[PDB]
There are 2 protein chains.
Amino acid sequence: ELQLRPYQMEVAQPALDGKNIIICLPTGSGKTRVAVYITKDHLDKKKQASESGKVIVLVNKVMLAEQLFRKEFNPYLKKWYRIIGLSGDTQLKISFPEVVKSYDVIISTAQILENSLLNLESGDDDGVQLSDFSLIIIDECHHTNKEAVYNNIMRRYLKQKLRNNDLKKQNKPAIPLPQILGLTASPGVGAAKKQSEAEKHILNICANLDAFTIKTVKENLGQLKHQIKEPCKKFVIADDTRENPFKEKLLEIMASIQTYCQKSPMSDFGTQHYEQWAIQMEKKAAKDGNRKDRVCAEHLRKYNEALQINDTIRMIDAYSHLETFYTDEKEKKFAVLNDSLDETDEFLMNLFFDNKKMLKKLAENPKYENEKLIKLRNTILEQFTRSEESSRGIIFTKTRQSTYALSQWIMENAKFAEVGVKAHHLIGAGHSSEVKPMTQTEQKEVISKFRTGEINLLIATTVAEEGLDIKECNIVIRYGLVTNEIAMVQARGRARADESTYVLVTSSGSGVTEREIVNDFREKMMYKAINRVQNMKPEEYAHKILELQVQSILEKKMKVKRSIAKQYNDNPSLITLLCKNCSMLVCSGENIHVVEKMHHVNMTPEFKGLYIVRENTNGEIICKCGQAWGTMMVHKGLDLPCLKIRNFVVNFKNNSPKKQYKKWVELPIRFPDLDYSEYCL
Amino acid sequence: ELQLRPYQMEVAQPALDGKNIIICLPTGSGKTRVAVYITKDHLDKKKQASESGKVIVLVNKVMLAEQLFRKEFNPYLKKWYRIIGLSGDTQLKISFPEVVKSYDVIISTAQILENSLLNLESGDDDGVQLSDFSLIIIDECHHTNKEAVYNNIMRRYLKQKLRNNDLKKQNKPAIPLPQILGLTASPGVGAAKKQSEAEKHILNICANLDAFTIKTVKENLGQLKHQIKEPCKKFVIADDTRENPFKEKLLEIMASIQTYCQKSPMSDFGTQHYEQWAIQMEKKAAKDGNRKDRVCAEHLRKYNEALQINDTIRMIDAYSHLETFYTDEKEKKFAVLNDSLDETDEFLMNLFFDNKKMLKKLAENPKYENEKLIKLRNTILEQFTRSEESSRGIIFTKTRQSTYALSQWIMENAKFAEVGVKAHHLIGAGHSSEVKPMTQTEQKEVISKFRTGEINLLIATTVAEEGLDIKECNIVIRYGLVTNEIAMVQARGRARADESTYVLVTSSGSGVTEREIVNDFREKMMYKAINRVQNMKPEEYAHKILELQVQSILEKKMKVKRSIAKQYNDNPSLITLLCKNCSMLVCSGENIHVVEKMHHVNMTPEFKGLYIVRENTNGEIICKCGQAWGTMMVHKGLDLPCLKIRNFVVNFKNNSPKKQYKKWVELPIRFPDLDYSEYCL
RNA sequence: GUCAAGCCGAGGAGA
RNA sequence: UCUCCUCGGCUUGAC
RNA sequence: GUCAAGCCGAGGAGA
RNA sequence: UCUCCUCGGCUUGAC
Ligand SMILES: Nc1ncnc2c1ncn2[C@@H]1O[C@H](COP(=O)(O)OP(=O)(O)O)[C@@H](O)[C@H]1O
Ligand SMILES: Nc1ncnc2c1ncn2[C@@H]1O[C@H](COP(=O)(O)OP(=O)(O)O)[C@@H](O)[C@H]1O
Ligand code: ALF
Ligand code: ALF
Ligand SMILES: [Zn+2]
Ligand SMILES: [Zn+2]
């Protein structure tokens, strides 16, 4: 029951007989149908050719793997061949290599394959080789870039092709190379401004993929333009003239703390540049060991983040964030009191709590809650009232807190209730930003609920920009967020409806429409570059792509050269670790060991009788000054407390250039594994 | 008249002089002969050494205990020494300790010994100590795992060995430790994917057994390969395209009930995931006290189980199951009527009975009974016709109902009758799944009847996978069931014949052959891991096994730490128990008592004048809503009615977090024993 | 020698 | 955490 | 089938 | 170099 379209056949025709190539078409153009048809044709050809037929599909998105397996690929080809989808969430209980020789067709994430190849090279496991295959298919080929995963695999492929090229003029025997097929929508521009540089970027993409030609539809293009509809663009801007009674108070607090610190930021409040200056300032303070500035630097960072979220989101979330971390610090102080006075800390607490109550009073004010938020509400109301149950609303924001607060508040707002709108916030799996993480299964359940229509409003982040193919969508909006041309075009290419609306909500002061025009111009420039390369001479095309392949290969070689070791110091115990907030000695480099080369830890009783544990098994570990050190873990049955090096400060025994690494692997010196013969009886 | 073989001597040679070790050989390799020869040699050595000779054999299977005593061990060694086999079925009338010092040789199940040791530690009974022995022999050593019974005993042994290790460098006197011998076929892989992890698993097995070396036959291996024959593999697949007239009606009923409940399973019908979602749903309903959903959740679970058995077995069994539990519920309703109306219950009854009659009409249809079943019939017919009375047929299925229905239906089918096949269903002792339990003596009688050839077809479950040594077997099949590599290899290693057939019957949609390939790969990987460990350095081997012994010891110590009490609440009467299906109060925590610390019960007349009794001495107890509460028992001469806590719902007097424990011991609070001075005159 | 009921822990498979 | 299966141990009772 | 924790690398945006 | 976001992989654990 497989189907195709005239433009699909036109674009895919060269690939039907060799011609490892790329395909670039607008979103919702049946690209996956083209891919499944091409795979079916190639496998039938191989069977008729009495040769092994092995095809892989590679995705950077697990959700895309599952969606492609469920919807478009397996149903058509379930009967003819064997099919399977792999992922981290999927338990690869069988193996990767066996499925390479069991299912005859693979759907996977790139570095499943890459890890198998690395294991093969290291010899730990049998692994796999590209020669084992006959056809590789990649989605979102634009992600093939300087050294991304797709590009890593293709660098191995290109080295093999160069070896073959050496062989052809030297020896007849050669290593077979599987065909390569790429699929994308926007090949992208690496910020190239001159259209010439955009052409060079496109040539780089082709060379990385060994692409013989872009092969975009021209003759049938017309009908495709008629088949695919483009959403109506809509720009919405609001000026932040309100927030004075609350934001001005926050700026007053920040200025008072600056006076207490006697430091000149030389930057506007609430700007991320202020936060960068802070970062530098507390790094300097900790390296110098000085206090009254690093702690205040951290607090100023927190106030800057609060100011930003207030600028985007209402005041109450910023107030809650402030009082939450202040309460955590207060509980740390209480624990420190329990085991056994401060001036800076007491100063901050006293200046804070009163203003915190005042800001609690101010926060609940619907008269001047915000401007952009009011415009967002008016918009959502208008479209959801005009749809008459035909609305699938998508909102894009920047951070976790925005999504969660907006969902909670839309559910609190009575207007969205009487319209009947149901809003659910969506985020990635990784926990961060003090927001409850959403599990992969939770992600899938929410997407399914939106698909069934139970959720008429989905708030999400760049997670939602890519993938998430939905049959019908009418409303897409971007809340004061802007990344680049790609992100914007895929966000806009989602309202798959006869009537579609694109909306942007931006602050008047911020230059977001500048980005939007720049993105428009890059989109226009890319098409001309594609036309130019499509009209190039095949010989010159081949020479340039070969030159760029050499570029990539040599770049990897010399990056490895600069990263063979690049820091070779075998010093087991030549350092002392002190606390960061306060300059108390913690330990030396001898009392520490490693487990599974995975966790660094110290088990000596000297460590044990120094820290404190905060309650809610995996209780966390804090210092005596109130600095957070680490967390309890339970491995081996041992209650070993680990720690984050970022929380501590280094001190060399030779000349002590106090410095912060933020991370273990960054440092040169190795630490031994924990032989646990000790702690016995 | 004892005999041996060259490879047997080769493998057993190290154990003949100390060297507590493991042995791993293919099934039917005379392992029991090797064990009896080794025991004879060790006992002769001890007699020549003028030292006490005590040998134990441990089995996880009572049938294996009896078989080893009857067939291979006692006949050879009846004259030279004293021999006895122990078990639960065997009445250990003498004692365990006396036989430890009476028969000089023991065959037992592991926690006979473990219970004796626990009694010794507690001081209730004299018990036994490992020092009393000189040699322990274990069969199926793979069962020694994270904290299994063999592993429990070996953890005690390893702690004793660590004490000895402390003594050697401190004090000359030491506690003697008996030699350790293990026997198995597949040491197994704990789902380890990297062959390195499989090697770690094997090292874990060795460390748990204090194994000095695997000691697998290499030089004589060749002849063994020639002596042992491997069955011819055969794969059979059928696609479930039929069942529409009946299964579609069942799905219609399920959808109608879902509409009545207004709930979205978001899962396919007939899938165990649906049943898990149900479980969660009625747990939530009962905790919330809401009806119209918990009862319907239970019914949906029953329909899901019916769908599964229909997918495997024909329709009539599912129909019978449905009408049986509906009839039981109807009789409950009639009793409830007798002592003194419902909407949900009436809805379900009315929707059911008519469709039940219709499904009775549909069930008796041989045209589209099933696919996998037809293939099974065709197979069995082919092999039993081609054997010409030389067929010993073994079938493996998943559940009780499958076994019983298949046996009854094979006897009903005229084809198996004209072939003369005799089919008997086999299950475990424990009653469950609404199938008559098969007594241990019934098990033994059936096995004997199969051995004599009176039963040419034995239908069984994982019970039959292990043990059951038969001289001649030609046909082994697996009906749409798949567990792991071990189960599969022991199922395949049973057709002990020159010509042997292995067959698998699987649904096309289900991924069972995926498991089969995975199991093949694990079997291949295990052998390479065994080779690698056999080639290891003895010192590094010793160090790693010592590390793993420490791992096990500390794991047990800290599991005990987390399980010292882990829930310490001495609250006699601080709870109220209500009914589960309906929210009627049953009793409080004061009116209940305990007998033999064994049965919780309430005897107050307030309890008595609330429940109803269903007829067929041990009549069962139901609620007034139709909920089952418990059962009559006769202890002390008292007609005390007990109950299952799983059937009731908890309600705390403090803050009432309604929750389900499913089981008494799980809860913290203790209940007093029943001092029966009351109820006197 | 046969049966019933109940309780304790363990393992494997699935999800 | 749920389901299915498997195990063996312990108590009580009856024939 | 569910959850937690930790680690490895990659990309994009900003500055 | 910093921040924000995004990704996927690996280990351990628990239910
Ligand atoms: N031959 C065809 N005729 C009509 N529609 C098609 C055909 N093939 C695919 N489609 C449509 O294309 C959609 C798939 O879009 P897809 O190509 O996955 O988006 P993207 O290009 O972003 O991957 C399906 O919903 C289907 O309706
Ligand atoms: N020395 C021997 N020579 C020939 N056959 C033997 C010898 N010892 C044992 N056997 C055979 O081995 C069988 C016992 O198999 P067994 O080892 O119990 O299976 P498993 O290895 O699964 O326990 C007996 O039927 C017997 O015929
Ligand atoms: F392949 Al697309 F949006 F073009 F997922
Ligand atoms: F000891 Al076996 F099958 F190998 F019972
Ligand atoms: Zn400190
Ligand atoms: Zn009731």
# chains A, B, ... in the order shown; residues from 1 in each chain; ligands from 1
call {"tool": "residues_around", "arguments": {"residues": "residue 5 in chain F", "least_positions_apart": "6", "cutoff": "12 Å", "atoms": "only C-alpha atoms (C1' of nucleotides)", "output": "number ranges by chain"}}
result
A: 397-400, 427-428, 430, 432-433, 460-463, 465, 481-483; E: 11-14
call {"tool": "write_last_selection", "arguments": {"atoms": "N, CA and C atoms (P, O5', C5', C4', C3', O3' and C1' of nucleotides)", "output": "PDB file, in the first residue's frame"}}
result
ATOM      1  N   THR A 397       8.972  29.305  24.713  1.00  0.00           N
ATOM      2  CA  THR A 397       9.643  30.246  25.604  1.00  0.00           C
ATOM      3  C   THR A 397      11.107  29.847  25.744  1.00  0.00           C
ATOM      4  N   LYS A 398      11.823  30.451  26.693  1.00  0.00           N
ATOM      5  CA  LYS A 398      13.265  30.259  26.808  1.00  0.00           C
ATOM      6  C   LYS A 398      13.657  29.241  27.876  1.00  0.00           C
ATOM      7  N   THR A 399      13.153  29.385  29.101  1.00  0.00           N
ATOM      8  CA  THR A 399      13.650  28.627  30.243  1.00  0.00           C
ATOM      9  C   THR A 399      12.553  27.767  30.864  1.00  0.00           C
ATOM     10  N   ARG A 400      12.982  26.888  31.776  1.00  0.00           N
ATOM     11  CA  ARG A 400      12.046  26.047  32.519  1.00  0.00           C
ATOM     12  C   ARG A 400      11.021  26.886  33.267  1.00  0.00           C
ATOM     13  N   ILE A 427       9.337  20.310  28.900  1.00  0.00           N
ATOM     14  CA  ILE A 427      10.763  20.580  29.036  1.00  0.00           C
ATOM     15  C   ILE A 427      11.542  19.322  28.670  1.00  0.00           C
ATOM     16  N   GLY A 428      12.872  19.402  28.725  1.00  0.00           N
ATOM     17  CA  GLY A 428      13.703  18.242  28.490  1.00  0.00           C
ATOM     18  C   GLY A 428      13.858  17.378  29.731  1.00  0.00           C
ATOM     19  N   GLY A 430      16.679  16.396  31.341  1.00  0.00           N
ATOM     20  CA  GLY A 430      17.667  16.829  32.312  1.00  0.00           C
ATOM     21  C   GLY A 430      17.121  17.784  33.353  1.00  0.00           C
ATOM     22  N   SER A 432      17.218  20.718  35.924  1.00  0.00           N
ATOM     23  CA  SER A 432      17.961  21.960  36.085  1.00  0.00           C
ATOM     24  C   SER A 432      16.950  23.076  36.300  1.00  0.00           C
ATOM     25  N   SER A 433      17.467  24.268  36.588  1.00  0.00           N
ATOM     26  CA  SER A 433      16.657  25.475  36.717  1.00  0.00           C
ATOM     27  C   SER A 433      15.622  25.369  37.834  1.00  0.00           C
ATOM     28  N   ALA A 460       6.458  24.888  25.465  1.00  0.00           N
ATOM     29  CA  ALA A 460       7.664  24.095  25.297  1.00  0.00           C
ATOM     30  C   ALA A 460       8.845  25.017  25.029  1.00  0.00           C
ATOM     31  N   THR A 461      10.001  24.400  24.794  1.00  0.00           N
ATOM     32  CA  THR A 461      11.236  25.106  24.489  1.00  0.00           C
ATOM     33  C   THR A 461      11.793  24.566  23.181  1.00  0.00           C
ATOM     34  N   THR A 462      13.054  24.884  22.873  1.00  0.00           N
ATOM     35  CA  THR A 462      13.655  24.409  21.630  1.00  0.00           C
ATOM     36  C   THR A 462      13.456  22.911  21.434  1.00  0.00           C
ATOM     37  N   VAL A 463      13.140  22.179  22.505  1.00  0.00           N
ATOM     38  CA  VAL A 463      12.774  20.771  22.374  1.00  0.00           C
ATOM     39  C   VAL A 463      11.672  20.608  21.335  1.00  0.00           C
ATOM     40  N   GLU A 465      10.890  22.689  18.942  1.00  0.00           N
ATOM     41  CA  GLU A 465      11.165  23.301  17.646  1.00  0.00           C
ATOM     42  C   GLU A 465      11.351  22.246  16.563  1.00  0.00           C
ATOM     43  N   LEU A 481      11.643  35.126  22.432  1.00  0.00           N
ATOM     44  CA  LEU A 481      12.796  34.259  22.257  1.00  0.00           C
ATOM     45  C   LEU A 481      13.165  34.219  20.791  1.00  0.00           C
ATOM     46  N   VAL A 482      14.460  34.138  20.547  1.00  0.00           N
ATOM     47  CA  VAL A 482      15.005  34.174  19.204  1.00  0.00           C
ATOM     48  C   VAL A 482      16.423  33.628  19.205  1.00  0.00           C
ATOM     49  N   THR A 483      16.667  32.652  18.333  1.00  0.00           N
ATOM     50  CA  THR A 483      17.937  31.940  18.290  1.00  0.00           C
ATOM     51  C   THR A 483      18.657  32.128  16.962  1.00  0.00           C
TER      52      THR A 483
ATOM     53  P     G E  11      30.557  20.521  18.803  1.00  0.00           P
ATOM     54  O5'   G E  11      29.138  21.078  18.363  1.00  0.00           O
ATOM     55  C5'   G E  11      28.448  20.495  17.271  1.00  0.00           C
ATOM     56  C4'   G E  11      26.990  20.861  17.294  1.00  0.00           C
ATOM     57  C3'   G E  11      26.686  22.338  17.465  1.00  0.00           C
ATOM     58  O3'   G E  11      26.820  23.074  16.263  1.00  0.00           O
ATOM     59  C1'   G E  11      25.338  21.092  18.939  1.00  0.00           C
ATOM     60  P     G E  12      27.287  24.611  16.305  1.00  0.00           P
ATOM     61  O5'   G E  12      25.960  25.390  16.710  1.00  0.00           O
ATOM     62  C5'   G E  12      24.751  25.159  16.006  1.00  0.00           C
ATOM     63  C4'   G E  12      23.565  25.741  16.727  1.00  0.00           C
ATOM     64  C3'   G E  12      23.736  27.148  17.270  1.00  0.00           C
ATOM     65  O3'   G E  12      23.623  28.154  16.282  1.00  0.00           O
ATOM     66  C1'   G E  12      22.757  25.799  18.926  1.00  0.00           C
ATOM     67  P     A E  13      24.476  29.507  16.422  1.00  0.00           P
ATOM     68  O5'   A E  13      23.733  30.299  17.585  1.00  0.00           O
ATOM     69  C5'   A E  13      22.344  30.568  17.490  1.00  0.00           C
ATOM     70  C4'   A E  13      21.811  31.241  18.728  1.00  0.00           C
ATOM     71  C3'   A E  13      22.691  32.309  19.354  1.00  0.00           C
ATOM     72  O3'   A E  13      22.663  33.544  18.664  1.00  0.00           O
ATOM     73  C1'   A E  13      21.906  30.884  21.039  1.00  0.00           C
ATOM     74  P     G E  14      24.015  34.399  18.499  1.00  0.00           P
ATOM     75  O5'   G E  14      24.126  35.187  19.878  1.00  0.00           O
ATOM     76  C5'   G E  14      23.036  35.963  20.345  1.00  0.00           C
ATOM     77  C4'   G E  14      23.052  36.111  21.844  1.00  0.00           C
ATOM     78  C3'   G E  14      24.288  36.775  22.432  1.00  0.00           C
ATOM     79  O3'   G E  14      24.224  38.187  22.370  1.00  0.00           O
ATOM     80  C1'   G E  14      23.814  34.803  23.629  1.00  0.00           C
TER      81        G E  14
END
call {"tool": "residues_around", "arguments": {"residues": "residue 508 in chain B", "least_positions_apart": "3", "cutoff": "9 Å", "atoms": "only C-alpha atoms (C1' of nucleotides)", "output": "PyMOL selection string"}}
result
chain B and resi 237-240+511-512
call {"tool": "write_last_selection", "arguments": {"atoms": "N, CA, C and O atoms", "output": "PDB file, in the first residue's frame"}}
result
ATOM      1  N   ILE B 237       6.320 -20.030  12.852  1.00  0.00           N
ATOM      2  CA  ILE B 237       5.680 -18.755  13.128  1.00  0.00           C
ATOM      3  C   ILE B 237       4.315 -18.741  12.459  1.00  0.00           C
ATOM      4  O   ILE B 237       4.147 -19.255  11.348  1.00  0.00           O
ATOM      5  N   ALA B 238       3.340 -18.159  13.149  1.00  0.00           N
ATOM      6  CA  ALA B 238       2.001 -17.982  12.613  1.00  0.00           C
ATOM      7  C   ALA B 238       1.533 -16.569  12.924  1.00  0.00           C
ATOM      8  O   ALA B 238       1.871 -16.006  13.967  1.00  0.00           O
ATOM      9  N   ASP B 239       0.761 -15.997  12.006  1.00  0.00           N
ATOM     10  CA  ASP B 239       0.269 -14.632  12.141  1.00  0.00           C
ATOM     11  C   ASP B 239      -1.203 -14.661  12.532  1.00  0.00           C
ATOM     12  O   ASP B 239      -1.999 -15.377  11.917  1.00  0.00           O
ATOM     13  N   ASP B 240      -1.559 -13.876  13.549  1.00  0.00           N
ATOM     14  CA  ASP B 240      -2.913 -13.883  14.104  1.00  0.00           C
ATOM     15  C   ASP B 240      -3.789 -12.918  13.309  1.00  0.00           C
ATOM     16  O   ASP B 240      -4.081 -11.796  13.727  1.00  0.00           O
ATOM     17  N   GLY B 511       7.942 -10.253  19.104  1.00  0.00           N
ATOM     18  CA  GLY B 511       9.368 -10.390  18.887  1.00  0.00           C
ATOM     19  C   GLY B 511       9.995 -11.467  19.751  1.00  0.00           C
ATOM     20  O   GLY B 511      10.757 -11.164  20.672  1.00  0.00           O
ATOM     21  N   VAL B 512       9.678 -12.727  19.466  1.00  0.00           N
ATOM     22  CA  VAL B 512      10.229 -13.837  20.239  1.00  0.00           C
ATOM     23  C   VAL B 512      11.553 -14.311  19.650  1.00  0.00           C
ATOM     24  O   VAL B 512      12.503 -14.607  20.384  1.00  0.00           O
TER      25      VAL B 512
END
call {"tool": "residues_around", "arguments": {"residues": "residue 15 in chain D", "least_positions_apart": "3", "cutoff": "12 Å", "atoms": "only C-alpha atoms (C1' of nucleotides)", "output": "PyMOL selection string"}}
result
chain C and resi 1-4
call {"tool": "residues_near_ligand", "arguments": {"ligand": "ligand 6", "cutoff": "9 Å", "atoms": "only C-alpha atoms (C1' of nucleotides) and all ligand atoms", "output": "PyMOL selection string"}}
result
chain B and resi 578-586+622-629+648
call {"tool": "interface_residues", "arguments": {"of": "chain A", "to": "chain B", "cutoff": "7 Å", "atoms": "only C-alpha atoms", "output": "number ranges by chain"}}
result
A: 94-95, 125, 636-637
call {"tool": "write_last_selection", "arguments": {"atoms": "C-alpha atoms", "output": "mmCIF file, in the first residue's frame"}}
result
data_model
loop_
_atom_site.group_PDB
_atom_site.id
_atom_site.type_symbol
_atom_site.label_atom_id
_atom_site.label_comp_id
_atom_site.auth_asym_id
_atom_site.auth_seq_id
_atom_site.Cartn_x
_atom_site.Cartn_y
_atom_site.Cartn_z
ATOM 1 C CA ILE A 94 20.020 -8.027 22.356
ATOM 2 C CA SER A 95 23.131 -6.165 21.199
ATOM 3 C CA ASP A 125 34.026 -5.505 22.013
ATOM 4 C CA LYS A 636 29.268 -1.165 47.064
ATOM 5 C CA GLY A 637 26.904 -0.995 50.018
#
call {"tool": "atom_distance", "arguments": {"atom1": "CA of residue 616 in chain B", "atom2": "CA of residue 339 in chain B"}}
result
18.4 Å
call {"tool": "residues_near_ligand", "arguments": {"ligand": "ligand 1", "cutoff": "8 Å", "atoms": "only C-alpha atoms (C1' of nucleotides) and all ligand atoms", "output": "list in words"}}
result
residues 2, 3, 4, 5, 8, 25, 26, 27, 28, 29, 30, 31, 32, 33, 34, 68, 72, 184, 185, 467, 469, 470 and 471 of chain A
